[PDB]
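Given next, in structure tokens, is a single chain: the form solved without the partner chain.
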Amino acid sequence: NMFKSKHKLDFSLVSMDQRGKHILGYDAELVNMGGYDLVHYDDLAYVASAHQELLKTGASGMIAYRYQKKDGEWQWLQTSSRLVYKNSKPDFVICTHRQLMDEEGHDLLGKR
């Protein structure tokens, strides 16, 4: 139930596992989709704090949030993020996701 993806430092998508493409339901549309565009409104500030924590410390722990698929439906995801460096400089973002059920996302939502 877990899949990986790679993003630029603005979290625009670069590549994604074929497992994740089947869940999200979007390859041609993957490069046109910048960051924070398909994240739920109630999660944008919390999700942006993980982006700040990623750039500040180099890693972001598992956080639960809602992402919109192609069908318009919201998907509960929990993602851990790590940085890839090019000579000590941050280069890309590597994310590890896990597809969650609605009850699983609600339980992790109540932990923050």
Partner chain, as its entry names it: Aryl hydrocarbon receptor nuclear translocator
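Numbering follows the first chain given and starts at 1.
Although it is not shown, the form deposited with the partner chain bound is what the next lines describe.
At least one heavy atom of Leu44 is located within 4.5 Å of the partner chain in the bound PDB entry. Although the partner is absent here, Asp102 is not a contact residue: none of its heavy atoms lies within 4.5 angstroms of the partner chain in the bound PDB entry. In the bound PDB entry, the partner chain lies farther than 4.5 Å from every heavy atom of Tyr26. The partner chain is not shown here, but in the bound PDB entry it comes within 4.5 Å of a heavy atom of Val39.
Candidate site formed by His51, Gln68 and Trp74: every one of these residues places a non-hydrogen atom within 4.5 angstroms of the partner chain in the bound PDB entry.
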